[PDB]
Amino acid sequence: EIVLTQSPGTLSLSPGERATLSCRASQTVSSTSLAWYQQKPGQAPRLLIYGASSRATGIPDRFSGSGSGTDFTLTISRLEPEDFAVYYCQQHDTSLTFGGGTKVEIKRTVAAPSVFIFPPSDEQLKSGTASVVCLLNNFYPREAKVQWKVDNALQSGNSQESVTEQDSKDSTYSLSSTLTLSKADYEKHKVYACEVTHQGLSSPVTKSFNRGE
C-alpha cells in the first residue's frame, strides 16, 4: 500500500508566521490524487487542497499546496489564530490512505509544570481500590514524562494519563496521571512518589507523601 508520512508531528509557531507541512509517499503519487485536510478541535475535517495545488471552494489564499512524485508540501503563508489545528494529507492514486497528521500549535516561552500528588481518599479505600493522582499544571512544551515510584520501586503497566488541549489564555498544557492499586497492595508501601521530567526543569522533580501521615 502507499503509506503517507507527515513531518513534523508538531509545528510550534506564532500568529503571522509561515507554516511548512510535509507529506512524503512510500511510492510515486500522481499529483492529481494528493489532497490536504484541516481539522479544528471538536469539528469534522475540511478539504483545503485537492490535485496537490488546487484550493477548494471558499479556502483562503494563505493556504497553498505544492510538490510532486513522493514529496508534497502545504504552506500557510501567514498563520491566523483559526489555523492552529491538525492537518492531514490523503492520496487516492492506489486505494485511499491518509497521513498520520501534523498539529500546528501556538509557540510560547518554556514553562515548568507545577506538580501536585494526591493520596487516595479514605472513602475510596473502603471500596477496596486506591487511586493515586499526580497533577502537572500549566507547562510548555507538551512533552512531559511522569514516573511513579512506590518505596523507590519504579512502576509500569498500572498508570494511565491524559493531557488538556492547549489553554486558550496562556497556551500551556496540563497533565493528570492515575496510579491504580488494590487497597491490599496500597497498604503494603509507605512512600508514593510522582517524578516529573520536563524541559522547564534543570533535573527531574519528585512530589511524594507517606501513606497515613
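Numbering starts at 1 and runs along the sequence shown.
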Can you let me know which of the two, 87 to 95 or 126 to 134, has the higher average C-alpha B-factor in the entry?
126 to 134
Quick check on the record: does 29 to 37 or 181 to 189 carry the larger mean Cα temperature factor?
181 to 189
Consider only the C-alpha atoms of the modelled residues in this chain, order them by B-factor as the entry records it, and name the third containing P81: lowest, middle or highest.
highest
State the tercile, meaning the lowest, middle or highest third, of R18 with respect to the CA B-factors recorded for its chain.
highest
Ranked by Cα temperature factor within the chain, is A112 in the lowest third, the middle third or the highest third?
lowest
Would you please rank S121 by its C-alpha temperature factor against the other modelled residues of its chain and give the third it falls in: lowest, middle or highest?
highest
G51 CA temperature factor, ranked by third within the chain
lowest
